[PDB]
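First comes one chain, alone, set out as structure tokens in the form deposited in one PDB entry.
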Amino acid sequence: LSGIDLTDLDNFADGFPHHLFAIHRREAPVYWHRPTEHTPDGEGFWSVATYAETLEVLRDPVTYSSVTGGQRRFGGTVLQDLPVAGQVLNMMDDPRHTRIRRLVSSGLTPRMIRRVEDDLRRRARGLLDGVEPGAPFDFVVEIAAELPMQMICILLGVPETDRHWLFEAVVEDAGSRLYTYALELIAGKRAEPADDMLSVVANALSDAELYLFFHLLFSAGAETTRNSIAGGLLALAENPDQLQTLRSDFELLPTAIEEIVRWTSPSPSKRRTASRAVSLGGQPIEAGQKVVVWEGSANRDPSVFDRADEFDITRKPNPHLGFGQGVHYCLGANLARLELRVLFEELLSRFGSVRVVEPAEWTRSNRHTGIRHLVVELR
């Protein structure tokens, strides 16, 4: 570990670096990572790589805050302290967290879920019908990015005419245009309430807080869910025999989808801040210190998962942390599973041959594990 820098993104440019985390779990499940030139804020942090300790942190939001602690003015849930800590749901603590979380969940109505599902079915079929068998194409740009972006446009109530602002955002100007458009959409919901999540929250927060919420959702669909779809396809391509088994029996799909989420772990790390002295993994943490947990590593901890380094679509049980755990548990878990189920039903219905014909290209990040391009041939 002394020679390993978990903040050096050159180590994450080719996928989540599982080999480094095998060393981390073996050598020191919890340890103090000194800051390097690559470390946000030039400040060290406790790094947590094993499942039991990761789960312990996630399950104690009072000790391990998503806002701040000690003398630290602001924190949040990435390693860089952010002044928007305390102002968006995933960087909030009780009592305001419980209130806003319930308001957000009140927007995920059965009719909204049906609206998303109906659209998803129609679109997945259209896209898969358009595939030319045997002809290489970039599955990320043409399919994996498209479906969940449309899902979040429905949840947020973005009209077809205006969806390009969102696509274009996935340059500083692109970001400013997304921001400006989001503020216009939010004011529009205030003027004319609608039956969607943004309206629910806007009409219950400042516009700035509503933007943070908008972007949280936009990112969850446009990036995290896209990453699970692309990585699920890559995993199945790398395991053709399981692809065949799953194609032969879609009743296997729910268990397979949990294994895709464990395997891909698209959101592989989270930061918290200690609010008081506490011990974790037998080490003493002081109020104010940063704690980073690595669900991407926890999800391959062999203390918890048998043959943890193997993809197995029949895996049971499968208590993965890919959607988090505790009071901030992912509010979109069933929507993500829905996206994966519909896509793989439709894809595996038509194709039982998936070949990746160029090396996968990955996003360079230790906060997201994602594939930027994945050229495949489907037969």
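Start at 1 and count along the sequence shown; that's the residue number. Think of the rigid core as the biggest set of C-alphas that the two forms share within 1.5 Å after superposition.
**Student:** For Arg73, record whether it is unmodelled in at least a third of the other compared entries of this protein.
**Tutor:** Yes, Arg73 lacks coordinates in at least a third of the other compared entries.
**Student:** Should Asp173 be counted as unmodelled in at least a third of the other PDB entries compared?
**Tutor:** Yes, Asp173 lacks coordinates in at least a third of the other compared entries.
**Student:** How many missing residues of the deposited sequence lie between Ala187 and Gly188 in the entry, grouped as none, 1 to 3, 4 to 9, or 10 or more?
**Tutor:** In the record, the chain runs straight from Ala187 to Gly188 with none unmodelled.
**Student:** Looking at the deposited sequence, how many residues between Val170 and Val171 were given no coordinates in the entry: none, 1 to 3, 4 to 9, or 10 or more?
**Tutor:** Missing in between: 10 or more residues.
**Student:** Look up the CA B-factors in the entry and say which stretch, 50 to 58 or 338 to 346, has the higher mean.
**Tutor:** Looking at the record's C-alpha B-factors, the answer is 338 to 346.
**Student:** Got a sec? Mean C-alpha B-factor, which is higher, 245 to 253 or 303 to 311?
**Tutor:** If you average the C-alpha B-factors of 303 to 311 and of 245 to 253, the larger mean comes out for 245 to 253.
**Student:** Just to confirm, going by the entry's C-alpha B-factors, which of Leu147, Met91, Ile229, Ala237 comes out highest?
**Tutor:** Answer for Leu147, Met91, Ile229, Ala237: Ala237, with the highest C-alpha B-factor.
**Student:** Between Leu120, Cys153, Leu205, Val261, which one tops the list for C-alpha B-factor in the PDB entry?
**Tutor:** Max CA B-factor in the entry, restricted to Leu120, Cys153, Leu205, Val261: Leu205.
**Student:** Is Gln289 in the lowest, middle or highest third of its chain when residues are ranked by C-alpha B-factor?
**Tutor:** Answer is lowest: the recorded C-alpha B-factor places it there.
**Student:** In terms of the CA temperature factor given in the entry, to which third of its chain does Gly281 belong: lowest, middle or highest?
**Tutor:** CA B-factor rank for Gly281: middle third.
**Student:** Tell me, lowest, middle or highest third: where does the Cα B factor of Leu166 rank within its chain?
**Tutor:** Answer is highest: the recorded C-alpha B-factor places it there.
**Student:** In terms of the CA temperature factor given in the entry, to which third of its chain does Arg125 belong: lowest, middle or highest?
**Tutor:** Highest third, going by the recorded CA B-factors of the chain.
**Student:** When the deposited Cα B-factors of this chain's modelled residues are ordered and cut into thirds, is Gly157 in the lowest, the middle or the highest one?
**Tutor:** Highest third, going by the recorded CA B-factors of the chain.
The next section is about a form of this same protein that is not shown, the form deposited in another entry.
**Student:** Quick check for you: superpose on the rigid core, then look between the shown form and the other one for a C-alpha move of 2 Å or more. Which of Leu103, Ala287, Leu178, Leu253 is it?
**Tutor:** It is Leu178; the other listed residues stay below 2 Å.
**Student:** If I superpose the two forms on their rigid core, does the C-alpha of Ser219 end up displaced by 2 Å or more between the shown form and the other one?
**Tutor:** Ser219 C-alpha, core-superposed: shift of 2 Å or more.
**Student:** Using the rigid core as the reference frame, would you say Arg122 shifts its C-alpha by 2 Å or more between the shown form and the other one?
**Tutor:** Result for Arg122: no, shift under 2 Å.
**Student:** Examine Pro83 after superposing the rigid core and state whether its CA is displaced by 2 Å or more between the shown form and the other one.
**Tutor:** Yes: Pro83 shifts by at least 2 Å between the shown form and the other one.
**Student:** In the other form, the Cα separation between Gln80 and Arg26 changes by 3 Å or more relative to the shown form; did it shrink or grow?
**Tutor:** More distant in the other form, by 3 Å or more.
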